[PDB]
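*Asks:* File start-v3.cif below, mmCIF, N, CA and C atoms and all ligand atoms:
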```cif
data_data
#
loop_
_atom_site.group_PDB
_atom_site.id
_atom_site.type_symbol
_atom_site.label_atom_id
_atom_site.label_comp_id
_atom_site.auth_asym_id
_atom_site.auth_seq_id
_atom_site.Cartn_x
_atom_site.Cartn_y
_atom_site.Cartn_z
ATOM 1 N N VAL A 2 0.834 -1.199 0.000
ATOM 2 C CA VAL A 2 0.000 0.000 0.000
ATOM 3 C C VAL A 2 0.873 1.255 0.000
ATOM 4 N N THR A 3 0.583 2.186 -0.904
ATOM 5 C CA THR A 3 1.177 3.526 -0.865
ATOM 6 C C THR A 3 0.057 4.552 -0.947
ATOM 7 N N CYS A 4 0.333 5.798 -0.566
ATOM 8 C CA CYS A 4 -0.712 6.823 -0.634
ATOM 9 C C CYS A 4 -1.106 7.091 -2.079
ATOM 10 N N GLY A 5 -0.161 6.948 -3.010
ATOM 11 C CA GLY A 5 -0.480 7.139 -4.424
ATOM 12 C C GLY A 5 -1.503 6.123 -4.913
ATOM 13 N N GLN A 6 -1.326 4.875 -4.500
ATOM 14 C CA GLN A 6 -2.308 3.836 -4.839
ATOM 15 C C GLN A 6 -3.684 4.074 -4.175
ATOM 16 N N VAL A 7 -3.671 4.573 -2.943
ATOM 17 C CA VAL A 7 -4.914 4.921 -2.270
ATOM 18 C C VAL A 7 -5.610 6.045 -3.019
ATOM 19 N N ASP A 8 -4.838 7.046 -3.439
ATOM 20 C CA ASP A 8 -5.410 8.164 -4.182
ATOM 21 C C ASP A 8 -6.029 7.710 -5.492
ATOM 22 N N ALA A 9 -5.339 6.785 -6.158
ATOM 23 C CA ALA A 9 -5.817 6.261 -7.438
ATOM 24 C C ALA A 9 -7.115 5.478 -7.250
ATOM 25 N N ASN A 10 -7.160 4.661 -6.196
ATOM 26 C CA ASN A 10 -8.347 3.855 -5.893
ATOM 27 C C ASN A 10 -9.547 4.721 -5.534
ATOM 28 N N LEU A 11 -9.297 5.778 -4.770
ATOM 29 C CA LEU A 11 -10.394 6.583 -4.247
ATOM 30 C C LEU A 11 -10.789 7.768 -5.126
ATOM 31 N N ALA A 12 -9.985 8.066 -6.148
ATOM 32 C CA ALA A 12 -10.282 9.188 -7.041
ATOM 33 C C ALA A 12 -11.726 9.213 -7.588
ATOM 34 N N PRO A 13 -12.226 8.068 -8.094
ATOM 35 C CA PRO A 13 -13.599 8.146 -8.614
ATOM 36 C C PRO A 13 -14.652 8.334 -7.511
ATOM 37 N N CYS A 14 -14.257 8.251 -6.239
ATOM 38 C CA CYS A 14 -15.190 8.468 -5.131
ATOM 39 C C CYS A 14 -15.303 9.939 -4.755
ATOM 40 N N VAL A 15 -14.392 10.767 -5.262
ATOM 41 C CA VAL A 15 -14.367 12.182 -4.864
ATOM 42 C C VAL A 15 -15.699 12.954 -5.089
ATOM 43 N N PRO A 16 -16.374 12.740 -6.234
ATOM 44 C CA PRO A 16 -17.653 13.461 -6.373
ATOM 45 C C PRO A 16 -18.686 13.040 -5.322
ATOM 46 N N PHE A 17 -18.805 11.744 -5.080
ATOM 47 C CA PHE A 17 -19.735 11.262 -4.051
ATOM 48 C C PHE A 17 -19.331 11.768 -2.680
ATOM 49 N N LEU A 18 -18.037 11.690 -2.385
ATOM 50 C CA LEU A 18 -17.543 12.117 -1.078
ATOM 51 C C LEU A 18 -17.684 13.630 -0.864
ATOM 52 N N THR A 19 -17.723 14.395 -1.951
ATOM 53 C CA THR A 19 -17.841 15.842 -1.819
ATOM 54 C C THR A 19 -19.240 16.394 -2.137
ATOM 55 N N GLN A 20 -20.060 15.615 -2.837
ATOM 56 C CA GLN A 20 -21.371 16.104 -3.255
ATOM 57 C C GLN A 20 -22.543 15.231 -2.786
ATOM 58 N N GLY A 21 -22.247 14.105 -2.141
ATOM 59 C CA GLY A 21 -23.282 13.157 -1.757
ATOM 60 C C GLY A 21 -23.883 12.436 -2.952
ATOM 61 N N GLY A 22 -25.033 11.795 -2.758
ATOM 62 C CA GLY A 22 -25.649 11.038 -3.834
ATOM 63 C C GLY A 22 -25.382 9.564 -3.628
ATOM 64 N N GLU A 23 -24.921 8.885 -4.674
ATOM 65 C CA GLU A 23 -24.487 7.497 -4.555
ATOM 66 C C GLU A 23 -23.038 7.374 -5.040
ATOM 67 N N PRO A 24 -22.334 6.341 -4.571
ATOM 68 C CA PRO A 24 -20.909 6.255 -4.936
ATOM 69 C C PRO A 24 -20.705 5.974 -6.427
ATOM 70 N N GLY A 25 -21.515 5.075 -6.966
ATOM 71 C CA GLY A 25 -21.337 4.655 -8.349
ATOM 72 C C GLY A 25 -20.375 3.476 -8.458
ATOM 73 N N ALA A 26 -20.425 2.817 -9.611
ATOM 74 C CA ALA A 26 -19.680 1.593 -9.883
ATOM 75 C C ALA A 26 -18.163 1.765 -9.762
ATOM 76 N N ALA A 27 -17.644 2.835 -10.350
ATOM 77 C CA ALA A 27 -16.209 3.063 -10.392
ATOM 78 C C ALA A 27 -15.678 3.304 -8.986
ATOM 79 N N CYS A 28 -16.397 4.106 -8.210
ATOM 80 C CA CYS A 28 -16.007 4.332 -6.815
ATOM 81 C C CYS A 28 -16.036 3.027 -5.997
ATOM 82 N N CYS A 29 -17.122 2.268 -6.086
ATOM 83 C CA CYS A 29 -17.217 1.017 -5.335
ATOM 84 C C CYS A 29 -16.101 0.048 -5.719
ATOM 85 N N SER A 30 -15.797 0.008 -7.005
ATOM 86 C CA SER A 30 -14.691 -0.818 -7.482
ATOM 87 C C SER A 30 -13.359 -0.357 -6.877
ATOM 88 N N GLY A 31 -13.160 0.959 -6.853
ATOM 89 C CA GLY A 31 -11.947 1.525 -6.288
ATOM 90 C C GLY A 31 -11.794 1.155 -4.826
ATOM 91 N N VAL A 32 -12.899 1.248 -4.086
ATOM 92 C CA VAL A 32 -12.838 0.944 -2.668
ATOM 93 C C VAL A 32 -12.624 -0.546 -2.438
ATOM 94 N N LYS A 33 -13.237 -1.395 -3.255
ATOM 95 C CA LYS A 33 -13.005 -2.829 -3.081
ATOM 96 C C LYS A 33 -11.540 -3.197 -3.356
ATOM 97 N N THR A 34 -10.923 -2.518 -4.321
ATOM 98 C CA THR A 34 -9.501 -2.756 -4.601
ATOM 99 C C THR A 34 -8.657 -2.347 -3.407
ATOM 100 N N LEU A 35 -8.930 -1.154 -2.894
ATOM 101 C CA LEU A 35 -8.221 -0.677 -1.711
ATOM 102 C C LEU A 35 -8.369 -1.667 -0.553
ATOM 103 N N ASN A 36 -9.604 -2.092 -0.334
ATOM 104 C CA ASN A 36 -9.936 -2.953 0.791
ATOM 105 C C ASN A 36 -9.228 -4.286 0.623
ATOM 106 N N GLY A 37 -9.105 -4.704 -0.634
ATOM 107 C CA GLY A 37 -8.394 -5.912 -0.988
ATOM 108 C C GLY A 37 -6.910 -5.781 -0.715
ATOM 109 N N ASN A 38 -6.376 -4.577 -0.925
ATOM 110 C CA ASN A 38 -4.945 -4.319 -0.775
ATOM 111 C C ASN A 38 -4.526 -4.001 0.651
ATOM 112 N N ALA A 39 -5.495 -3.805 1.537
ATOM 113 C CA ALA A 39 -5.188 -3.563 2.937
ATOM 114 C C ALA A 39 -5.251 -4.897 3.679
ATOM 115 N N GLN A 40 -4.371 -5.819 3.306
ATOM 116 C CA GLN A 40 -4.493 -7.209 3.744
ATOM 117 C C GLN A 40 -3.847 -7.534 5.099
ATOM 118 N N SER A 41 -2.947 -6.678 5.567
ATOM 119 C CA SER A 41 -2.234 -6.929 6.810
ATOM 120 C C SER A 41 -2.517 -5.770 7.759
ATOM 121 N N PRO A 42 -2.205 -5.930 9.061
ATOM 122 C CA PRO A 42 -2.368 -4.803 9.985
ATOM 123 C C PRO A 42 -1.530 -3.598 9.520
ATOM 124 N N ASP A 43 -0.311 -3.854 9.073
ATOM 125 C CA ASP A 43 0.551 -2.775 8.554
ATOM 126 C C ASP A 43 -0.073 -2.094 7.306
ATOM 127 N N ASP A 44 -0.536 -2.905 6.355
ATOM 128 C CA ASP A 44 -1.180 -2.355 5.159
ATOM 129 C C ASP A 44 -2.383 -1.516 5.574
ATOM 130 N N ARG A 45 -3.121 -1.976 6.586
ATOM 131 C CA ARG A 45 -4.345 -1.264 6.988
ATOM 132 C C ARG A 45 -4.019 0.057 7.656
ATOM 133 N N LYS A 46 -2.991 0.064 8.497
ATOM 134 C CA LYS A 46 -2.585 1.278 9.205
ATOM 135 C C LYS A 46 -2.084 2.314 8.194
ATOM 136 N N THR A 47 -1.334 1.814 7.216
ATOM 137 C CA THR A 47 -0.749 2.666 6.184
ATOM 138 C C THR A 47 -1.880 3.268 5.340
ATOM 139 N N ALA A 48 -2.765 2.400 4.838
ATOM 140 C CA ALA A 48 -3.917 2.873 4.061
ATOM 141 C C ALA A 48 -4.737 3.866 4.863
ATOM 142 N N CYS A 49 -4.959 3.573 6.135
ATOM 143 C CA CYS A 49 -5.740 4.468 6.997
ATOM 144 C C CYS A 49 -5.112 5.865 6.993
ATOM 145 N N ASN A 50 -3.794 5.927 7.176
ATOM 146 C CA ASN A 50 -3.161 7.241 7.225
ATOM 147 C C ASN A 50 -3.233 7.995 5.893
ATOM 148 N N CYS A 51 -3.111 7.251 4.800
ATOM 149 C CA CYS A 51 -3.216 7.877 3.486
ATOM 150 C C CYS A 51 -4.650 8.358 3.229
ATOM 151 N N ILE A 52 -5.629 7.583 3.683
ATOM 152 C CA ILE A 52 -7.042 7.958 3.473
ATOM 153 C C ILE A 52 -7.394 9.188 4.295
ATOM 154 N N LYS A 53 -6.862 9.245 5.503
ATOM 155 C CA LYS A 53 -7.065 10.407 6.369
ATOM 156 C C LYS A 53 -6.474 11.678 5.734
ATOM 157 N N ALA A 54 -5.256 11.563 5.192
ATOM 158 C CA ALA A 54 -4.673 12.670 4.412
ATOM 159 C C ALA A 54 -5.621 13.127 3.269
ATOM 160 N N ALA A 55 -6.054 12.136 2.490
ATOM 161 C CA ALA A 55 -6.942 12.428 1.364
ATOM 162 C C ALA A 55 -8.229 13.109 1.832
ATOM 163 N N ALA A 56 -8.791 12.618 2.935
ATOM 164 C CA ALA A 56 -10.067 13.142 3.425
ATOM 165 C C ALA A 56 -9.860 14.592 3.842
ATOM 166 N N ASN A 57 -8.662 14.902 4.330
ATOM 167 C CA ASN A 57 -8.404 16.265 4.802
ATOM 168 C C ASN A 57 -8.053 17.255 3.686
ATOM 169 N N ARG A 58 -7.997 16.777 2.448
ATOM 170 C CA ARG A 58 -7.913 17.719 1.320
ATOM 171 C C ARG A 58 -9.171 18.596 1.103
ATOM 172 N N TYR A 59 -10.349 18.061 1.420
ATOM 173 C CA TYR A 59 -11.617 18.677 1.001
ATOM 174 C C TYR A 59 -12.374 19.336 2.142
ATOM 175 N N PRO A 60 -12.399 20.680 2.144
ATOM 176 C CA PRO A 60 -13.142 21.444 3.151
ATOM 177 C C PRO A 60 -14.624 21.131 3.048
ATOM 178 N N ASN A 61 -15.048 20.694 1.869
ATOM 179 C CA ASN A 61 -16.438 20.346 1.647
ATOM 180 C C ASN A 61 -16.726 18.856 1.719
ATOM 181 N N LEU A 62 -15.855 18.087 2.377
ATOM 182 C CA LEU A 62 -16.091 16.653 2.517
ATOM 183 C C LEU A 62 -17.423 16.407 3.212
ATOM 184 N N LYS A 63 -18.209 15.471 2.683
ATOM 185 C CA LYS A 63 -19.473 15.088 3.307
ATOM 186 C C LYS A 63 -19.210 13.863 4.176
ATOM 187 N N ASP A 64 -19.089 14.077 5.481
ATOM 188 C CA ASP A 64 -18.771 12.979 6.389
ATOM 189 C C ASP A 64 -19.810 11.866 6.323
ATOM 190 N N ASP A 65 -21.062 12.217 6.063
ATOM 191 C CA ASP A 65 -22.078 11.175 5.983
ATOM 192 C C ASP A 65 -22.015 10.382 4.675
ATOM 193 N N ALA A 66 -21.463 10.974 3.614
ATOM 194 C CA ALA A 66 -21.165 10.193 2.414
ATOM 195 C C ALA A 66 -20.103 9.175 2.792
ATOM 196 N N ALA A 67 -19.046 9.671 3.427
ATOM 197 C CA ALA A 67 -17.945 8.810 3.851
ATOM 198 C C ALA A 67 -18.457 7.670 4.708
ATOM 199 N N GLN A 68 -19.408 7.982 5.582
ATOM 200 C CA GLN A 68 -19.947 7.000 6.517
ATOM 201 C C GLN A 68 -20.903 6.012 5.847
ATOM 202 N N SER A 69 -21.496 6.423 4.744
ATOM 203 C CA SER A 69 -22.461 5.537 4.078
ATOM 204 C C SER A 69 -21.790 4.704 2.957
ATOM 205 N N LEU A 70 -20.534 5.015 2.641
ATOM 206 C CA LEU A 70 -19.886 4.334 1.520
ATOM 207 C C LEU A 70 -19.832 2.791 1.651
ATOM 208 N N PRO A 71 -19.447 2.260 2.835
ATOM 209 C CA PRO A 71 -19.385 0.789 2.891
ATOM 210 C C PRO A 71 -20.738 0.090 2.666
ATOM 211 N N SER A 72 -21.806 0.594 3.272
ATOM 212 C CA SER A 72 -23.105 -0.037 3.079
ATOM 213 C C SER A 72 -23.575 0.104 1.634
ATOM 214 N N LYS A 73 -23.324 1.258 1.020
ATOM 215 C CA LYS A 73 -23.775 1.481 -0.361
ATOM 216 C C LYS A 73 -22.969 0.657 -1.369
ATOM 217 N N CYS A 74 -21.718 0.361 -1.034
ATOM 218 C CA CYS A 74 -20.904 -0.496 -1.881
ATOM 219 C C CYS A 74 -21.008 -1.993 -1.520
ATOM 220 N N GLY A 75 -21.636 -2.315 -0.395
ATOM 221 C CA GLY A 75 -21.808 -3.696 0.031
ATOM 222 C C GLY A 75 -20.555 -4.348 0.594
ATOM 223 N N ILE A 76 -19.691 -3.551 1.224
ATOM 224 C CA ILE A 76 -18.430 -4.091 1.741
ATOM 225 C C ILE A 76 -18.218 -3.838 3.228
ATOM 226 N N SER A 77 -17.335 -4.644 3.816
ATOM 227 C CA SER A 77 -16.915 -4.419 5.189
ATOM 228 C C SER A 77 -15.595 -3.661 5.111
ATOM 229 N N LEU A 78 -15.624 -2.344 5.285
ATOM 230 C CA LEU A 78 -14.447 -1.538 4.951
ATOM 231 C C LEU A 78 -13.400 -1.550 6.050
ATOM 232 N N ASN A 79 -12.254 -2.159 5.763
ATOM 233 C CA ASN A 79 -11.199 -2.305 6.775
ATOM 234 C C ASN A 79 -10.579 -0.977 7.161
ATOM 235 N N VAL A 80 -10.675 -0.006 6.265
ATOM 236 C CA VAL A 80 -10.115 1.305 6.522
ATOM 237 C C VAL A 80 -11.133 2.416 6.227
ATOM 238 N N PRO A 81 -11.812 2.888 7.277
ATOM 239 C CA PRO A 81 -12.891 3.878 7.161
ATOM 240 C C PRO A 81 -12.396 5.187 6.576
ATOM 241 N N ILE A 82 -13.264 5.893 5.867
ATOM 242 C CA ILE A 82 -12.895 7.172 5.281
ATOM 243 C C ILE A 82 -13.233 8.253 6.302
ATOM 244 N N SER A 83 -12.209 8.823 6.927
ATOM 245 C CA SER A 83 -12.416 9.783 8.010
ATOM 246 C C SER A 83 -11.294 10.817 8.099
ATOM 247 N N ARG A 84 -11.648 12.060 8.393
ATOM 248 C CA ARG A 84 -10.643 13.108 8.625
ATOM 249 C C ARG A 84 -9.976 13.041 9.999
ATOM 250 N N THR A 85 -10.590 12.313 10.931
ATOM 251 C CA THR A 85 -10.176 12.416 12.324
ATOM 252 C C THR A 85 -9.808 11.101 12.965
ATOM 253 N N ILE A 86 -9.881 10.009 12.212
ATOM 254 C CA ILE A 86 -9.600 8.693 12.789
ATOM 255 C C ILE A 86 -8.167 8.613 13.284
ATOM 256 N N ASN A 87 -7.977 7.973 14.435
ATOM 257 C CA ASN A 87 -6.657 7.639 14.913
ATOM 258 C C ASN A 87 -6.275 6.298 14.320
ATOM 259 N N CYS A 88 -5.299 6.271 13.415
ATOM 260 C CA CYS A 88 -5.055 5.036 12.677
ATOM 261 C C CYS A 88 -4.384 3.946 13.507
ATOM 262 N N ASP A 89 -3.878 4.293 14.686
ATOM 263 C CA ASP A 89 -3.305 3.282 15.577
ATOM 264 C C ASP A 89 -4.357 2.270 16.056
ATOM 265 N N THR A 90 -5.623 2.670 16.026
ATOM 266 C CA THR A 90 -6.713 1.840 16.545
ATOM 267 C C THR A 90 -7.266 0.932 15.466
ATOM 268 N N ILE A 91 -6.746 1.095 14.255
ATOM 269 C CA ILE A 91 -7.075 0.197 13.159
ATOM 270 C C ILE A 91 -6.240 -1.072 13.284
HETATM 271 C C1 LIG B 101 -18.055 -8.486 -3.533
HETATM 272 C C2 LIG B 101 -17.115 -7.704 -4.424
HETATM 273 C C3 LIG B 101 -16.932 -8.305 -5.801
HETATM 274 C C4 LIG B 101 -17.318 -7.357 -6.921
HETATM 275 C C5 LIG B 101 -16.156 -6.863 -7.761
HETATM 276 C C6 LIG B 101 -16.447 -5.575 -8.518
HETATM 277 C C7 LIG B 101 -17.788 -4.934 -8.184
HETATM 278 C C8 LIG B 101 -17.918 -3.463 -8.540
HETATM 279 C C9 LIG B 101 -19.296 -2.910 -8.215
HETATM 280 C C10 LIG B 101 -19.572 -2.894 -6.728
HETATM 281 C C11 LIG B 101 -21.018 -2.955 -6.278
HETATM 282 C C12 LIG B 101 -21.158 -3.758 -4.989
HETATM 283 C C13 LIG B 101 -21.221 -5.248 -5.250
HETATM 284 C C14 LIG B 101 -21.255 -6.154 -4.038
HETATM 285 O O1 LIG B 101 -20.230 -6.255 -3.321
HETATM 286 O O2 LIG B 101 -22.308 -6.797 -3.799
#
```
Translate the structure described by the file into structure tokens.

*Replies:*
Amino acid sequence: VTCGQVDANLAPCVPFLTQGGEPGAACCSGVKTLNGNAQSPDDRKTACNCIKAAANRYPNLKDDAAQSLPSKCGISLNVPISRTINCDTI
């Protein structure tokens, strides 16, 4: 896991994460790839920190979009999309 790969995976989620609505196929696919790549505790902690960085790019981030993404994509998300998560607890 690198932050560049996290950014690539989550890029198609940016409109949903910033405007609400539904994630869409490309976003759900991106998140499933990420979730697939966060296979170890280290990978998960690393991904968590990169996702937190990404989430903190957008002053207009919709936290409830972020919170609804796993249910809308049908996945158990190992690394939640959050601006404030402490990644040590992942
Ligand atoms: C369970 C994941 C396998 C699906 C692989 C690509 C799916 C992309 C569209 C995602 C929509 C959610 C599907 C689902 O997990 O039920």

*Asks:* Please, which residues have at least one atom within 8 Å of an atom of ligand LIG 101 (chain B), using all atoms listed in the file, listed as JSON, numbers by chain?

*Replies:* {"A": [25, 26, 27, 28, 29, 30, 31, 33, 34, 73, 74, 75, 76, 77]}

*Asks:* Return as an MDAnalysis selection string the full set of residues in chain A whose backbone-based DSSP assignment is alpha helix (DSSP H).

*Replies:* chainID A and resid 4:11 15:20 26:38 42:56 64:74

*Asks:* Let me make sure I understand: among A:43, A:10, A:84, A:91, which one has the smallest atom-to-atom distance to residue 58 of chain A if we use all atoms listed in the file?

*Replies:*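 Closest candidate: A:84.
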
*Asks:* Could you tell me how far atom CA of residue 90 of chain A sits from atom CA of residue 12 of chain A, in Å to one decimal place?

*Replies:* 25.0 Å

*Asks:* With all atoms listed in the file as the atoms that count, which of A:2, A:85, A:55, A:13 lies nearest to residue 38 of chain A?

*Replies:*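 Closest residue, counting all atoms listed in the file: A:2.
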
*Asks:* Listed atoms of segment 69-78 of chain A, axis-aligned box, 4 Å per side: centre and edge lengths to one decimal in Å, as JSON?

*Replies:*
```
{"center_x": -18.6, "center_y": 0.9, "center_z": 2.1, "size_x": 18.4, "size_y": 19.1, "size_z": 15.9}
```

*Asks:* When you count all atoms listed in the file, which of these residues is closest to residue 5 of chain A: A:78, A:17, A:65, A:51?

*Replies:* A:51

*Asks:* Enumerate, as an MDAnalysis selection string, the residues matched when the PyMOL selection byres (((chain A and resi 7 and name CA) around 7) and not hetatm and name CA) is run on the file above.

*Replies:* chainID A and resid 3:6 8:11 35 48 51:52

*Asks:* Quick check, in Å to one decimal: how far apart do atom N of residue 67 of chain A and atom C of residue 18 of chain A lie?

*Replies:*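 Spanning atom N of residue 67 of chain A to atom C of residue 18 of chain A is a straight-line distance of 6.0 Å.
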
*Asks:* Go through A:40, A:79, A:19, A:47 and flag the residue nearest residue 63 of chain A, using all atoms listed in the file for the distances.

*Replies:*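 Residue with the minimum atom-to-atom distance to residue 63 of chain A: A:19.
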
*Asks:* Suppose you want the space between atom N of residue 16 of chain A and atom C of residue 66 of chain A; what is it in Å?

*Replies:* 10.4 Å

*Asks:* Hey, what's within 6.5 Å of residue 49 of chain A if we count all atoms listed in the file and toss same-chain stuff fewer than 5 positions away? As number ranges by chain, please?

*Replies:* A: 44, 54, 80-81, 88

*Asks:* With all atoms listed in the file as the atoms that count, which of A:59, A:89, A:50, A:70 lies nearest to residue 23 of chain A?

*Replies:* A:70
